[PDB]
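Chemist: Have a look at this one before I ask anything.
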Amino acid sequence: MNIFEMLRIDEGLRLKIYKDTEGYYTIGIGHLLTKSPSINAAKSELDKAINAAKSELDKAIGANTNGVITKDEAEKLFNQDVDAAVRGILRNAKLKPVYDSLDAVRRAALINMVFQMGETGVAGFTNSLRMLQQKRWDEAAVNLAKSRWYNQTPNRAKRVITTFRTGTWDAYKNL
């Protein structure tokens, strides 16, 4: 197991644009494109938002994709996105010290969170980050669960939290 295999499990692989639970048009392995409108929001708005997502996809791929990509293309966006997530952690004054303090498995758990919620979002878990830096694993696990993050994607959150708790890949075995 490594960060790529871990995120591949949590994000899945879809070759056509889809909407994730947070209302974002997404494709590949968790590659976010743009935000979608309301289930109501006009018949027009809907189509505009769809083309806006396709526009973002084409720009990212450098081709006229019409919302469909190949596995190789999804993996290319994925490599870029993982690198970007790590790069962001390293450039963030709050995340870097925690990241540097962690072992390799726990570092993957933090990259996973950043990949899902973005750098500023994770930098906001001030109390959990402190508990992680103090190696207070169980307390960090309890604090991390008291979040919209956990309530919205509990099964994934539980795997990430278990990884921080144990420092092992147990939550991802048989997956």
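Residues in the structure tokens are named by chain (A, B, ... in the order shown) and by number from 1 within that chain; ligands are numbered from 1 in the order shown.
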Compile the contact shell of residue 2 in chain A as a PyMOL selection string: residues with an atom at most 12 Å away, counting only C-alpha atoms, same-chain residues fewer than 4 positions apart removed.
Modeler: chain A and resi 6-9+82+104-109+111-112+163+168-169+172-173
Chemist: Convert the current residue selection to file output with N, CA and C atoms, as a PDB file, in the first residue's frame.
Modeler:
ATOM      1  N   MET A   6      -3.835   3.945  -2.009  1.00  0.00           N
ATOM      2  CA  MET A   6      -4.786   4.361  -0.991  1.00  0.00           C
ATOM      3  C   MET A   6      -5.839   5.305  -1.577  1.00  0.00           C
ATOM      4  N   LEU A   7      -5.406   6.345  -2.279  1.00  0.00           N
ATOM      5  CA  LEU A   7      -6.380   7.269  -2.853  1.00  0.00           C
ATOM      6  C   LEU A   7      -7.160   6.620  -3.986  1.00  0.00           C
ATOM      7  N   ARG A   8      -6.547   5.660  -4.670  1.00  0.00           N
ATOM      8  CA  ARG A   8      -7.276   4.996  -5.760  1.00  0.00           C
ATOM      9  C   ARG A   8      -8.483   4.277  -5.157  1.00  0.00           C
ATOM     10  N   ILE A   9      -8.287   3.674  -3.987  1.00  0.00           N
ATOM     11  CA  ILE A   9      -9.397   3.004  -3.305  1.00  0.00           C
ATOM     12  C   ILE A   9     -10.477   3.998  -2.848  1.00  0.00           C
ATOM     13  N   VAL A  82      -1.821  14.313  -6.984  1.00  0.00           N
ATOM     14  CA  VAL A  82      -1.168  13.840  -5.750  1.00  0.00           C
ATOM     15  C   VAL A  82       0.033  14.753  -5.519  1.00  0.00           C
ATOM     16  N   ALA A 104       5.735   7.620   7.642  1.00  0.00           N
ATOM     17  CA  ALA A 104       5.262   7.497   6.256  1.00  0.00           C
ATOM     18  C   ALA A 104       3.789   7.133   6.049  1.00  0.00           C
ATOM     19  N   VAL A 105       3.271   6.238   6.882  1.00  0.00           N
ATOM     20  CA  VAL A 105       1.898   5.822   6.746  1.00  0.00           C
ATOM     21  C   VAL A 105       0.984   6.956   7.177  1.00  0.00           C
ATOM     22  N   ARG A 106       1.309   7.606   8.297  1.00  0.00           N
ATOM     23  CA  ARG A 106       0.452   8.698   8.726  1.00  0.00           C
ATOM     24  C   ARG A 106       0.554   9.887   7.753  1.00  0.00           C
ATOM     25  N   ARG A 107       1.712  10.056   7.112  1.00  0.00           N
ATOM     26  CA  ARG A 107       1.867  11.140   6.124  1.00  0.00           C
ATOM     27  C   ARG A 107       0.867  10.919   4.977  1.00  0.00           C
ATOM     28  N   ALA A 108       0.673   9.656   4.582  1.00  0.00           N
ATOM     29  CA  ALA A 108      -0.273   9.333   3.521  1.00  0.00           C
ATOM     30  C   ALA A 108      -1.694   9.701   3.932  1.00  0.00           C
ATOM     31  N   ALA A 109      -2.023   9.459   5.197  1.00  0.00           N
ATOM     32  CA  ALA A 109      -3.336   9.801   5.688  1.00  0.00           C
ATOM     33  C   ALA A 109      -3.540  11.311   5.564  1.00  0.00           C
ATOM     34  N   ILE A 111      -2.018  13.343   3.438  1.00  0.00           N
ATOM     35  CA  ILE A 111      -2.108  13.694   2.015  1.00  0.00           C
ATOM     36  C   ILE A 111      -3.522  13.372   1.536  1.00  0.00           C
ATOM     37  N   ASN A 112      -4.050  12.247   2.014  1.00  0.00           N
ATOM     38  CA  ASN A 112      -5.401  11.814   1.618  1.00  0.00           C
ATOM     39  C   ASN A 112      -6.386  12.922   1.978  1.00  0.00           C
ATOM     40  N   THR A 163      -6.085   5.018  10.079  1.00  0.00           N
ATOM     41  CA  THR A 163      -4.699   5.035   9.633  1.00  0.00           C
ATOM     42  C   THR A 163      -3.871   5.961  10.543  1.00  0.00           C
ATOM     43  N   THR A 168      -0.786   2.011  10.639  1.00  0.00           N
ATOM     44  CA  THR A 168      -0.753   0.844   9.749  1.00  0.00           C
ATOM     45  C   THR A 168      -1.762   0.987   8.608  1.00  0.00           C
ATOM     46  N   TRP A 169      -1.652   0.119   7.596  1.00  0.00           N
ATOM     47  CA  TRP A 169      -2.583   0.138   6.459  1.00  0.00           C
ATOM     48  C   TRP A 169      -3.772  -0.808   6.664  1.00  0.00           C
ATOM     49  N   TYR A 172      -7.180  -0.538   4.880  1.00  0.00           N
ATOM     50  CA  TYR A 172      -7.209  -0.673   3.425  1.00  0.00           C
ATOM     51  C   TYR A 172      -6.904  -2.078   2.917  1.00  0.00           C
ATOM     52  N   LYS A 173      -6.744  -3.030   3.830  1.00  0.00           N
ATOM     53  CA  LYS A 173      -6.460  -4.408   3.427  1.00  0.00           C
ATOM     54  C   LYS A 173      -7.769  -5.101   3.122  1.00  0.00           C
TER      55      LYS A 173
END
Chemist: Please return, as a PyMOL selection string, all residues of chain A that DSSP assigns to alpha helix (DSSP H) on the basis of the backbone.
Modeler: chain A and resi 3-11+43-61+71-91+95-101+104-117+119-123+126-133+137-144+148-152+154-166
Chemist: Report, in Å with one decimal, the straight-line distance from CA of residue 73 in chain A to CA of residue 10 in chain A.
Modeler: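 We find that CA of residue 73 in chain A and CA of residue 10 in chain A lie 18.5 Å from each other.
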Chemist: Please list as a list in words every residue within 9 Å of range 118-120 of chain A, counting only C-alpha atoms and excluding residues in the same chain fewer than 5 positions away.
Modeler: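 After dropping sequence-adjacent residues, the list is residues 85, 88, 89, 92, 95 and 113 of chain A.
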Chemist: Output N, CA, C and O atoms of each residue in that selection to a file, as a compact mmCIF listing (two decimals), in the first residue's frame.
Modeler:
# COMPACT_ATOMS: atom_id res chain seq x y z
N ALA A 85 -0.99 17.98 -4.10
CA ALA A 85 -1.44 17.86 -2.70
C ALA A 85 -0.22 17.89 -1.76
O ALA A 85 -0.23 18.61 -0.76
N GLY A 88 1.45 21.26 -1.77
CA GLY A 88 0.70 22.19 -0.94
C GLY A 88 0.96 22.05 0.55
O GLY A 88 1.11 23.05 1.28
N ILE A 89 1.00 20.81 1.02
CA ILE A 89 1.29 20.56 2.41
C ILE A 89 2.63 21.23 2.74
O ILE A 89 2.75 21.95 3.72
N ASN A 92 2.53 24.94 3.18
CA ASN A 92 1.61 25.50 4.17
C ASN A 92 2.21 25.49 5.56
O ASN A 92 2.57 24.44 6.07
N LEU A 95 0.49 22.92 8.00
CA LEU A 95 0.56 21.50 7.69
C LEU A 95 1.97 20.94 7.63
O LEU A 95 2.21 19.79 7.99
N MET A 113 -6.30 13.43 3.20
CA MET A 113 -7.23 14.47 3.59
C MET A 113 -7.09 15.70 2.71
O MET A 113 -8.08 16.27 2.31
Chemist: With 10 Å as the cut-off and only C-alpha atoms counted, what is the closest atom pair between each nearby residue of range 76-100 of chain A and range 61-72 of chain A? Distances in Å to one decimal, ordered by chain and number, as CSV.
Modeler:
residue,atom,partner,partner_atom,distance
A:76,CA,A:72,CA,6.2
A:77,CA,A:61,CA,7.9
A:78,CA,A:72,CA,9.7
Chemist: Could the residues in this selection be saved with C-alpha atoms as a compact mmCIF listing (two decimals), in the first residue's frame?
Modeler:
# COMPACT_ATOMS: atom_id res chain seq x y z
CA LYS A 76 -2.01 11.36 -15.52
CA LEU A 77 -4.41 13.81 -13.82
CA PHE A 78 -4.06 11.70 -10.65
